[PDB]
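Text of the file coords-v3.json, holding JSON, C-alpha atoms:
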[["chain", "number", "residue", "atom", "x", "y", "z"],
["A", 7, "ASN", "CA", -19.19, 72.81, 14.95],
["A", 8, "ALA", "CA", -22.88, 73.62, 15.51],
["A", 9, "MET", "CA", -23.10, 76.15, 12.67],
["A", 10, "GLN", "CA", -21.81, 73.54, 10.21],
["A", 11, "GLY", "CA", -24.47, 71.10, 11.44],
["A", 12, "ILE", "CA", -27.38, 73.47, 11.96],
["A", 13, "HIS", "CA", -30.28, 72.97, 9.56],
["A", 14, "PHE", "CA", -31.15, 76.14, 7.71],
["A", 15, "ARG", "CA", -33.59, 75.76, 4.87],
["A", 16, "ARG", "CA", -35.26, 78.07, 2.37],
["A", 17, "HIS", "CA", -38.60, 77.84, 4.22],
["A", 18, "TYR", "CA", -36.82, 78.86, 7.46],
["A", 19, "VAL", "CA", -36.84, 82.51, 6.28],
["A", 20, "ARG", "CA", -39.86, 84.80, 6.16],
["A", 21, "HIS", "CA", -41.06, 88.38, 6.38],
["A", 22, "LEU", "CA", -43.87, 89.00, 8.85],
["A", 23, "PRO", "CA", -46.48, 91.76, 8.41],
["A", 24, "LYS", "CA", -46.82, 94.87, 10.59],
["A", 25, "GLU", "CA", -49.63, 93.45, 12.73],
["A", 26, "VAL", "CA", -47.60, 90.78, 14.43],
["A", 27, "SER", "CA", -47.26, 90.48, 18.18],
["A", 28, "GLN", "CA", -44.33, 88.79, 19.85],
["A", 29, "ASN", "CA", -46.32, 85.57, 20.22],
["A", 30, "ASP", "CA", -47.42, 85.75, 16.58],
["A", 31, "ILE", "CA", -43.75, 86.00, 15.61],
["A", 32, "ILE", "CA", -42.63, 83.10, 17.76],
["A", 33, "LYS", "CA", -45.51, 80.94, 16.50],
["A", 34, "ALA", "CA", -44.85, 81.80, 12.84],
["A", 35, "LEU", "CA", -41.16, 80.99, 13.13],
["A", 36, "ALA", "CA", -41.71, 77.75, 15.03],
["A", 37, "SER", "CA", -44.15, 76.62, 12.31],
["A", 38, "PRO", "CA", -41.54, 75.37, 9.76],
["A", 39, "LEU", "CA", -39.46, 73.64, 12.46],
["A", 40, "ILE", "CA", -42.54, 71.89, 13.87],
["A", 41, "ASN", "CA", -43.65, 70.78, 10.40],
["A", 42, "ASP", "CA", -40.14, 69.47, 9.71],
["A", 43, "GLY", "CA", -40.11, 67.61, 13.05],
["A", 44, "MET", "CA", -37.05, 69.55, 14.24],
["A", 45, "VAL", "CA", -38.80, 70.48, 17.48],
["A", 46, "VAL", "CA", -41.71, 69.24, 19.60],
["A", 47, "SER", "CA", -45.28, 70.15, 18.65],
["A", 48, "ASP", "CA", -45.71, 72.68, 21.48],
["A", 49, "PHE", "CA", -42.27, 74.32, 20.95],
["A", 50, "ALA", "CA", -43.72, 77.78, 20.37],
["A", 51, "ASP", "CA", -45.35, 77.95, 23.79],
["A", 52, "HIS", "CA", -42.19, 76.80, 25.58],
["A", 53, "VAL", "CA", -40.27, 79.53, 23.76],
["A", 54, "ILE", "CA", -43.01, 82.04, 24.72],
["A", 55, "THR", "CA", -43.11, 81.04, 28.39],
["A", 56, "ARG", "CA", -39.29, 81.36, 28.51],
["A", 57, "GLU", "CA", -39.25, 84.78, 26.78],
["A", 58, "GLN", "CA", -41.51, 86.45, 29.32],
["A", 59, "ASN", "CA", -39.20, 85.47, 32.20],
["A", 60, "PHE", "CA", -35.79, 85.32, 30.48],
["A", 61, "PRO", "CA", -36.06, 87.72, 27.55],
["A", 62, "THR", "CA", -33.79, 87.39, 24.49],
["A", 63, "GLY", "CA", -33.72, 90.94, 23.06],
["A", 64, "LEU", "CA", -30.28, 92.15, 22.02],
["A", 65, "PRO", "CA", -29.92, 95.93, 21.85],
["A", 66, "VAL", "CA", -27.85, 96.18, 18.69],
["A", 67, "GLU", "CA", -27.70, 99.29, 16.50],
["A", 68, "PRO", "CA", -29.19, 100.14, 14.09],
["A", 69, "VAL", "CA", -31.29, 96.96, 13.75],
["A", 70, "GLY", "CA", -32.45, 95.29, 16.97],
["A", 71, "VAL", "CA", -32.37, 91.50, 17.19],
["A", 72, "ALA", "CA", -33.86, 88.73, 19.34],
["A", 73, "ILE", "CA", -32.75, 85.09, 19.73],
["A", 74, "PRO", "CA", -35.74, 83.28, 21.29],
["A", 75, "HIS", "CA", -35.21, 79.67, 22.24],
["A", 76, "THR", "CA", -36.08, 77.09, 24.85],
["A", 77, "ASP", "CA", -34.65, 74.00, 26.56],
["A", 78, "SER", "CA", -32.85, 71.35, 24.49],
["A", 79, "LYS", "CA", -35.26, 68.59, 25.55],
["A", 80, "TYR", "CA", -37.80, 70.21, 23.20],
["A", 81, "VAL", "CA", -35.44, 69.99, 20.19],
["A", 82, "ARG", "CA", -35.04, 66.88, 18.01],
["A", 83, "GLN", "CA", -32.65, 68.38, 15.43],
["A", 84, "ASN", "CA", -30.57, 71.60, 15.48],
["A", 85, "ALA", "CA", -32.03, 74.44, 13.44],
["A", 86, "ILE", "CA", -32.46, 78.21, 12.94],
["A", 87, "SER", "CA", -35.61, 80.06, 11.81],
["A", 88, "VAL", "CA", -35.31, 83.68, 10.67],
["A", 89, "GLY", "CA", -37.98, 86.39, 10.65],
["A", 90, "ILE", "CA", -37.78, 89.92, 9.28],
["A", 91, "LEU", "CA", -40.32, 92.31, 10.77],
["A", 92, "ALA", "CA", -41.98, 95.10, 8.80],
["A", 93, "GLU", "CA", -42.08, 97.30, 11.90],
["A", 94, "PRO", "CA", -40.18, 96.99, 15.18],
["A", 95, "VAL", "CA", -41.68, 94.81, 17.89],
["A", 96, "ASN", "CA", -40.35, 95.21, 21.44],
["A", 97, "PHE", "CA", -38.57, 92.32, 23.14],
["A", 98, "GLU", "CA", -37.25, 92.88, 26.65],
["A", 99, "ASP", "CA", -33.50, 93.45, 26.92],
["A", 100, "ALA", "CA", -31.52, 90.24, 27.53],
["A", 101, "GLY", "CA", -29.10, 92.23, 29.71],
["A", 102, "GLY", "CA", -31.87, 93.29, 32.13],
["A", 103, "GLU", "CA", -31.92, 96.94, 31.05],
["A", 104, "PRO", "CA", -35.28, 98.69, 31.52],
["A", 105, "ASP", "CA", -35.71, 99.93, 27.92],
["A", 106, "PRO", "CA", -37.20, 97.54, 25.37],
["A", 107, "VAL", "CA", -35.35, 96.46, 22.21],
["A", 108, "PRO", "CA", -37.03, 97.45, 18.95],
["A", 109, "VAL", "CA", -36.50, 94.13, 17.17],
["A", 110, "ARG", "CA", -36.52, 93.89, 13.35],
["A", 111, "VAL", "CA", -34.69, 90.57, 12.85],
["A", 112, "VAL", "CA", -35.52, 87.41, 14.82],
["A", 113, "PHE", "CA", -33.19, 84.40, 15.00],
["A", 114, "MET", "CA", -35.17, 81.56, 16.53],
["A", 115, "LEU", "CA", -32.73, 78.91, 17.79],
["A", 116, "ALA", "CA", -33.47, 75.20, 18.14],
["A", 117, "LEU", "CA", -30.46, 73.51, 19.77],
["A", 118, "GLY", "CA", -30.58, 69.84, 20.78],
["A", 119, "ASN", "CA", -27.56, 70.27, 23.03],
["A", 120, "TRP", "CA", -26.89, 73.25, 25.26],
["A", 121, "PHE", "CA", -23.10, 72.88, 24.82],
["A", 122, "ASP", "CA", -23.78, 74.10, 21.26],
["A", 123, "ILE", "CA", -25.14, 77.50, 22.36],
["A", 124, "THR", "CA", -21.65, 79.01, 22.74],
["A", 125, "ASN", "CA", -20.64, 78.27, 19.13],
["A", 126, "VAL", "CA", -24.04, 79.59, 18.00],
["A", 127, "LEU", "CA", -24.07, 82.88, 20.05],
["A", 128, "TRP", "CA", -20.45, 83.57, 19.21],
["A", 129, "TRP", "CA", -21.59, 83.36, 15.59],
["A", 130, "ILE", "CA", -24.70, 85.54, 16.09],
["A", 131, "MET", "CA", -22.43, 88.21, 17.62],
["A", 132, "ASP", "CA", -20.26, 88.26, 14.51],
["A", 133, "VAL", "CA", -23.35, 88.71, 12.35],
["A", 134, "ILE", "CA", -25.45, 91.21, 14.30],
["A", 135, "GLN", "CA", -22.34, 93.42, 14.67],
["A", 136, "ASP", "CA", -22.06, 93.48, 10.89],
["A", 137, "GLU", "CA", -24.02, 96.68, 10.19],
["A", 138, "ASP", "CA", -24.12, 96.30, 6.39],
["A", 139, "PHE", "CA", -25.13, 92.65, 6.64],
["A", 140, "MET", "CA", -27.94, 93.51, 9.04],
["A", 141, "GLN", "CA", -29.10, 96.50, 7.00],
["A", 142, "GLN", "CA", -29.22, 94.43, 3.83],
["A", 143, "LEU", "CA", -31.44, 91.96, 5.67],
["A", 144, "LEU", "CA", -34.01, 94.75, 5.76],
["A", 145, "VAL", "CA", -34.06, 95.18, 1.97],
["A", 146, "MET", "CA", -33.47, 91.64, 0.69],
["A", 147, "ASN", "CA", -36.27, 89.27, -0.31],
["A", 148, "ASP", "CA", -36.74, 85.80, 1.19],
["A", 149, "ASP", "CA", -34.55, 84.24, -1.54],
["A", 150, "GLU", "CA", -31.69, 86.67, -1.07],
["A", 151, "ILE", "CA", -31.80, 86.43, 2.72],
["A", 152, "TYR", "CA", -31.60, 82.62, 2.63],
["A", 153, "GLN", "CA", -28.61, 82.64, 0.28],
["A", 154, "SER", "CA", -26.86, 85.34, 2.35],
["A", 155, "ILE", "CA", -27.36, 83.67, 5.76],
["A", 156, "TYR", "CA", -26.68, 80.21, 4.30],
["A", 157, "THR", "CA", -23.32, 81.48, 2.97],
["A", 158, "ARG", "CA", -22.64, 83.24, 6.27],
["A", 159, "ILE", "CA", -23.27, 80.07, 8.31],
["A", 160, "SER", "CA", -20.11, 78.88, 6.58],
["B", 4, "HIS", "CA", -39.04, 92.94, 37.80],
["B", 5, "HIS", "CA", -36.34, 92.21, 35.21],
["B", 6, "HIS", "CA", -34.62, 88.85, 35.66],
["B", 7, "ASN", "CA", -30.92, 89.52, 35.10],
["B", 8, "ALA", "CA", -28.42, 86.75, 35.90],
["B", 9, "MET", "CA", -25.37, 89.03, 36.18],
["B", 10, "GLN", "CA", -27.16, 90.83, 39.03],
["B", 11, "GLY", "CA", -27.44, 87.60, 41.06],
["B", 12, "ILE", "CA", -24.19, 85.85, 40.20],
["B", 13, "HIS", "CA", -21.76, 85.25, 43.05],
["B", 14, "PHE", "CA", -18.36, 86.77, 42.26],
["B", 15, "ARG", "CA", -16.25, 86.64, 45.41],
["B", 16, "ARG", "CA", -12.68, 87.86, 45.94],
["B", 17, "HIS", "CA", -11.21, 84.32, 46.03],
["B", 18, "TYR", "CA", -12.83, 83.66, 42.64],
["B", 19, "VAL", "CA", -9.93, 85.61, 41.05],
["B", 20, "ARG", "CA", -6.39, 84.22, 40.68],
["B", 21, "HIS", "CA", -3.27, 84.30, 38.62],
["B", 22, "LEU", "CA", -1.80, 80.94, 37.65],
["B", 23, "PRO", "CA", 1.85, 79.92, 37.13],
["B", 24, "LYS", "CA", 3.39, 79.13, 33.72],
["B", 25, "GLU", "CA", 3.46, 75.34, 34.10],
["B", 26, "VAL", "CA", -0.32, 74.80, 34.04],
["B", 27, "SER", "CA", -2.15, 72.61, 31.55],
["B", 28, "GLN", "CA", -5.70, 73.13, 30.28],
["B", 29, "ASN", "CA", -6.85, 70.64, 32.92],
["B", 30, "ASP", "CA", -4.84, 72.20, 35.76],
["B", 31, "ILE", "CA", -6.48, 75.52, 34.89],
["B", 32, "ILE", "CA", -9.98, 74.04, 35.04],
["B", 33, "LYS", "CA", -9.18, 72.41, 38.39],
["B", 34, "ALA", "CA", -7.56, 75.54, 39.88],
["B", 35, "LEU", "CA", -10.58, 77.62, 38.86],
["B", 36, "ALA", "CA", -13.15, 75.04, 40.06],
["B", 37, "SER", "CA", -11.61, 74.68, 43.52],
["B", 38, "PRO", "CA", -13.00, 77.79, 45.26],
["B", 39, "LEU", "CA", -16.46, 77.10, 43.77],
["B", 40, "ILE", "CA", -16.26, 73.47, 44.98],
["B", 41, "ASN", "CA", -15.01, 74.69, 48.39],
["B", 42, "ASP", "CA", -17.94, 77.13, 48.63],
["B", 43, "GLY", "CA", -20.45, 74.41, 47.67],
["B", 44, "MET", "CA", -21.53, 76.33, 44.55],
["B", 45, "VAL", "CA", -21.01, 73.27, 42.35],
["B", 46, "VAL", "CA", -20.89, 69.47, 42.77],
["B", 47, "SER", "CA", -17.65, 67.94, 44.08],
["B", 48, "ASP", "CA", -16.81, 66.46, 40.66],
["B", 49, "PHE", "CA", -17.51, 69.73, 38.81],
["B", 50, "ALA", "CA", -14.00, 69.98, 37.35],
["B", 51, "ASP", "CA", -14.22, 66.50, 35.76],
["B", 52, "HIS", "CA", -17.42, 67.52, 33.97],
["B", 53, "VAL", "CA", -15.95, 70.81, 32.69],
["B", 54, "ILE", "CA", -12.94, 68.87, 31.34],
["B", 55, "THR", "CA", -15.27, 66.34, 29.69],
["B", 56, "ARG", "CA", -17.27, 69.12, 27.99],
["B", 57, "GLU", "CA", -14.09, 70.90, 26.79],
["B", 58, "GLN", "CA", -12.95, 67.79, 24.93],
["B", 59, "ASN", "CA", -15.91, 67.72, 22.55],
["B", 60, "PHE", "CA", -17.32, 71.24, 22.92],
["B", 61, "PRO", "CA", -14.36, 73.58, 23.28],
["B", 62, "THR", "CA", -14.83, 77.04, 24.76],
["B", 63, "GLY", "CA", -11.90, 78.98, 23.31],
["B", 64, "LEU", "CA", -12.98, 82.30, 21.77],
["B", 65, "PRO", "CA", -10.58, 83.82, 19.22],
["B", 66, "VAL", "CA", -10.70, 87.42, 20.46],
["B", 67, "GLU", "CA", -7.58, 89.48, 19.82],
["B", 68, "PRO", "CA", -5.12, 90.44, 20.97],
["B", 69, "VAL", "CA", -6.02, 88.65, 24.23],
["B", 70, "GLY", "CA", -7.41, 85.13, 23.80],
["B", 71, "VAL", "CA", -10.14, 83.87, 26.13],
["B", 72, "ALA", "CA", -11.91, 80.63, 27.12],
["B", 73, "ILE", "CA", -15.31, 80.23, 28.84],
["B", 74, "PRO", "CA", -15.26, 76.70, 30.32],
["B", 75, "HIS", "CA", -18.60, 75.47, 31.69],
["B", 76, "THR", "CA", -20.77, 72.35, 31.94],
["B", 77, "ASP", "CA", -24.45, 71.37, 32.48],
["B", 78, "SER", "CA", -26.67, 73.32, 34.86],
["B", 79, "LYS", "CA", -27.39, 70.14, 36.78],
["B", 80, "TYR", "CA", -23.84, 70.27, 38.17],
["B", 81, "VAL", "CA", -24.33, 73.76, 39.59],
["B", 82, "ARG", "CA", -25.93, 74.64, 42.95],
["B", 83, "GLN", "CA", -25.33, 78.41, 43.05],
["B", 84, "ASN", "CA", -24.48, 80.70, 40.16],
["B", 85, "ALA", "CA", -20.85, 81.83, 40.04],
["B", 86, "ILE", "CA", -17.97, 83.00, 37.91],
["B", 87, "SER", "CA", -14.34, 82.02, 38.56],
["B", 88, "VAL", "CA", -11.61, 83.99, 36.78],
["B", 89, "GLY", "CA", -8.06, 82.95, 35.91],
["B", 90, "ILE", "CA", -5.25, 85.08, 34.56],
["B", 91, "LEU", "CA", -2.54, 83.00, 32.90],
["B", 92, "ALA", "CA", 1.20, 83.74, 33.00],
["B", 93, "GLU", "CA", 1.64, 82.64, 29.39],
["B", 94, "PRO", "CA", -0.96, 81.68, 26.81],
["B", 95, "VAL", "CA", -2.42, 78.18, 26.89],
["B", 96, "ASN", "CA", -4.10, 76.68, 23.86],
["B", 97, "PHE", "CA", -7.82, 75.99, 23.97],
["B", 98, "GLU", "CA", -9.58, 74.65, 20.84],
["B", 99, "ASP", "CA", -11.82, 77.17, 19.02],
["B", 100, "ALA", "CA", -15.52, 77.04, 20.02],
["B", 101, "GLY", "CA", -16.30, 78.27, 16.51],
["B", 102, "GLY", "CA", -14.56, 75.17, 15.13],
["B", 103, "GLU", "CA", -11.59, 76.78, 13.32],
["B", 104, "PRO", "CA", -8.47, 74.60, 13.04],
["B", 105, "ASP", "CA", -6.21, 77.14, 14.75],
["B", 106, "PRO", "CA", -6.19, 76.89, 18.55],
["B", 107, "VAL", "CA", -6.94, 79.96, 20.66],
["B", 108, "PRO", "CA", -3.95, 81.18, 22.72],
["B", 109, "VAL", "CA", -5.82, 81.95, 25.92],
["B", 110, "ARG", "CA", -4.61, 84.35, 28.63],
["B", 111, "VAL", "CA", -7.88, 84.98, 30.50],
["B", 112, "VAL", "CA", -10.32, 82.26, 31.57],
["B", 113, "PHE", "CA", -13.92, 82.89, 32.71],
["B", 114, "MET", "CA", -15.28, 79.69, 34.25],
["B", 115, "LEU", "CA", -19.07, 79.81, 34.30],
["B", 116, "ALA", "CA", -21.34, 78.08, 36.82],
["B", 117, "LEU", "CA", -25.02, 78.57, 35.89],
["B", 118, "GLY", "CA", -27.87, 76.65, 37.54],
["B", 119, "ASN", "CA", -30.37, 77.41, 34.77],
["B", 120, "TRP", "CA", -29.43, 77.37, 31.09],
["B", 121, "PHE", "CA", -31.94, 80.18, 30.37],
["B", 122, "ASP", "CA", -29.45, 82.45, 32.14],
["B", 123, "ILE", "CA", -26.57, 81.70, 29.74],
["B", 124, "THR", "CA", -27.82, 84.24, 27.20],
["B", 125, "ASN", "CA", -27.62, 87.08, 29.66],
["B", 126, "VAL", "CA", -24.18, 85.91, 30.89],
["B", 127, "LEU", "CA", -22.67, 85.31, 27.41],
["B", 128, "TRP", "CA", -24.03, 88.67, 26.20],
["B", 129, "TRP", "CA", -22.10, 90.24, 29.09],
["B", 130, "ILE", "CA", -18.95, 88.20, 28.45],
["B", 131, "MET", "CA", -18.95, 89.08, 24.71],
["B", 132, "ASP", "CA", -19.14, 92.72, 25.70],
["B", 133, "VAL", "CA", -16.22, 92.42, 28.10],
["B", 134, "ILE", "CA", -13.82, 90.33, 26.05],
["B", 135, "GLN", "CA", -14.31, 92.52, 23.02],
["B", 136, "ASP", "CA", -13.42, 95.57, 25.12],
["B", 137, "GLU", "CA", -9.77, 95.69, 24.16],
["B", 138, "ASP", "CA", -8.59, 98.16, 26.81],
["B", 139, "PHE", "CA", -10.52, 96.52, 29.66],
["B", 140, "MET", "CA", -8.90, 93.24, 28.66],
["B", 141, "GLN", "CA", -5.39, 94.68, 28.51],
["B", 142, "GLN", "CA", -5.78, 95.97, 32.08],
["B", 143, "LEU", "CA", -6.59, 92.49, 33.40],
["B", 144, "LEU", "CA", -3.14, 91.41, 32.20],
["B", 145, "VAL", "CA", -1.37, 94.05, 34.33],
["B", 146, "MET", "CA", -3.68, 94.48, 37.36],
["B", 147, "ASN", "CA", -3.22, 92.51, 40.58],
["B", 148, "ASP", "CA", -5.89, 90.20, 42.00],
["B", 149, "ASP", "CA", -7.54, 92.87, 44.18],
["B", 150, "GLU", "CA", -7.68, 95.29, 41.28],
["B", 151, "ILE", "CA", -9.09, 92.59, 38.96],
["B", 152, "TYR", "CA", -11.82, 91.62, 41.46],
["B", 153, "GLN", "CA", -12.64, 95.31, 41.72],
["B", 154, "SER", "CA", -12.63, 95.87, 37.98],
["B", 155, "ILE", "CA", -14.80, 92.85, 37.08],
["B", 156, "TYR", "CA", -17.06, 93.47, 40.09],
["B", 157, "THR", "CA", -17.80, 97.04, 38.92],
["B", 158, "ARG", "CA", -18.28, 95.83, 35.36],
["B", 159, "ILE", "CA", -20.80, 93.17, 36.46],
["B", 160, "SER", "CA", -23.13, 95.79, 37.91]]

Representation of the structure as structure tokens:
Amino acid sequence: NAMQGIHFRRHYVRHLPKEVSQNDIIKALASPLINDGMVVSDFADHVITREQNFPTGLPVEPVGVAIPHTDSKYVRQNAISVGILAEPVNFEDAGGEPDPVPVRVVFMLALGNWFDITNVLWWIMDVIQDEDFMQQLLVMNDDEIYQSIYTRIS
Amino acid sequence: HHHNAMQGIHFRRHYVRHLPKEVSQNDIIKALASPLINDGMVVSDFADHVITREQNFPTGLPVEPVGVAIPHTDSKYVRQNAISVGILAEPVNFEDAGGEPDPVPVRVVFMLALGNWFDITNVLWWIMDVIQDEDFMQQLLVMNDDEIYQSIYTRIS
């Protein structure tokens, strides 16, 4: 059960300011995982290179989400890093639709085994479809978000 | 210039079938792998690998009222992207991908063959949309094979 084994720590949650670009976001959210040795040193650029060709924007209402990740060979330990954006930043639609997704919540995934992605996505679906959960993520502070996701993971 | 795996995926008419009541989880995986193996879309031992994955990383999804499974294995075992669909006569238990103790009573199986794991997000996003569409899913349990191919084919595009 990937969710039960995923590492999710207090310093894996952060709010990013309104200036951030998509690459800024990905880099900022990789930072904790890199420092914790969960992923390779250059993880952010592999996630960035993947995003531009295979985007990970999920058009969910009212709060758009993205789930950027890369190949399992770049992951040492399973983990999730969460960013809350001050203003929406467009990620391309994962479904191939032409209109961008105005993303406010980023779930960066670091999975050491691709057979785990099904458990993890299934779980992300449950969450991002929870309108009150997702809305509260836009008002909570880093502490509250950690406790809320941490509880949700179980 | 939008990469979109559902657009490219090969879903042919003989990649839809009903199965008889007597089938086991493994019979199902073999029955669904066959046409893909026959078409050279996957390696000859593709079914073995899907079975091996299922044992430790189950692919049952507890959607209601119609349970589903999405059996698949590593990209390295796939030559051409495809989906192979099975409609079961009676439910067959698959273990819950989410890890709950209760098995999923599956009636529809969507075998996935993806040559690049970066495409699984697009495909699973599509699948989650379909299997949570309660009326679409009820129709698959009454439609014939031609109708099902038609229905899923339209839905893919």

Residues of chain B that approach chain A to 10 Å or less, counting only C-alpha atoms: could you list each one with the shortest pair of atoms and its distance in Å to one decimal, rows by chain and increasing residue number, as CSV?
residue,atom,partner,partner_atom,distance
B:4,CA,A:102,CA,9.1
B:5,CA,A:102,CA,5.5
B:6,CA,A:102,CA,6.3
B:7,CA,A:102,CA,4.9
B:8,CA,A:101,CA,8.3
B:9,CA,A:101,CA,8.1
B:10,CA,A:102,CA,8.7
B:56,CA,A:121,CA,7.6
B:57,CA,A:121,CA,9.4
B:59,CA,A:121,CA,9.1
B:60,CA,A:121,CA,6.3
B:61,CA,A:125,CA,8.9
B:62,CA,A:124,CA,7.4
B:63,CA,A:125,CA,9.7
B:64,CA,A:128,CA,8.0
B:65,CA,A:128,CA,9.9
B:73,CA,A:124,CA,8.9
B:75,CA,A:121,CA,8.6
B:76,CA,A:121,CA,7.5
B:77,CA,A:120,CA,7.8
B:78,CA,A:120,CA,9.6
B:99,CA,A:125,CA,8.9
B:100,CA,A:125,CA,5.3
B:101,CA,A:125,CA,5.1
B:102,CA,A:7,CA,5.2
B:103,CA,A:7,CA,8.7
B:119,CA,A:77,CA,9.9
B:120,CA,A:120,CA,7.6
B:121,CA,A:60,CA,6.4
B:122,CA,A:60,CA,7.2
B:123,CA,A:123,CA,8.6
B:124,CA,A:100,CA,7.1
B:125,CA,A:101,CA,5.4
B:126,CA,A:101,CA,8.1
B:127,CA,A:127,CA,7.9
B:128,CA,A:101,CA,7.1
B:129,CA,A:101,CA,7.3
B:131,CA,A:128,CA,7.9
B:132,CA,A:131,CA,9.8

Please tell me which residues are no farther than 8 Å from (-31.4, 73.2, 18.4) in the file, counting only C-alpha atoms, and write them as a VMD selection string.
chain A and resid 12 44 to 45 78 81 to 86 115 to 119

As JSON, numbers by chain, please: the residues near range 91-96 of chain B (cut-off 7 Å, only C-alpha atoms, same-chain neighbours under 2 positions excluded).
{"B": [21, 22, 23, 24, 28, 89, 98, 106, 107, 108, 109, 110, 111]}

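Excluding range 22-29 of chain A itself and same-chain residues fewer than 2 positions from it, the residues having an atom within 9 Å of it are residues 20, 31, 32, 33, 34, 50, 51, 54, 89, 90, 91, 92, 93, 94, 95, 96 and 97 of chain A, counting only C-alpha atoms.
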
What's the separation between CA of residue 86 in chain B and CA of residue 136 in chain B, in Å to one decimal place?
18.5 Å

I'd like to know which of B:68, B:38, B:43, B:74 is closest to residue 112 in chain B, using all atoms listed in the file.
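Nearest candidate to residue 112 in chain B out of B:68, B:38, B:43, B:74: B:74.
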
Distance in Å - CA of residue 71 in chain B versus CA of residue 83 in chain B
23.4 Å

What gap, in Å, lies between CA of residue 46 in chain A and CA of residue 13 in chain A?
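Separation between CA of residue 46 in chain A and CA of residue 13 in chain A: 15.7 Å.
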
Near residue 134 in chain A, within 12 Å and counting all atoms listed in the file, which residues show up once chain neighbours fewer than 2 positions away are dropped, as JSON, numbers by chain?
{"A": [64, 65, 66, 67, 68, 69, 70, 71, 72, 73, 109, 110, 111, 112, 113, 127, 128, 129, 130, 131, 132, 136, 137, 138, 139, 140, 141, 142, 143, 155, 158]}

Residues within 9 Å of residue 85 in chain B, all atoms listed in the file, excluding chain neighbours under 3 positions, as a list in words:
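The residues that qualify are residues 11, 12, 13, 14, 15, 18, 39, 44, 45, 81, 114, 115, 116 and 117 of chain B.
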
Edge lengths and centre in Å, axis-aligned, range 9-24 of chain A plus 4 Å each side, as JSON:
{"center_x": -34.3, "center_y": 83.0, "center_z": 7.5, "size_x": 33.0, "size_y": 31.8, "size_z": 18.3}
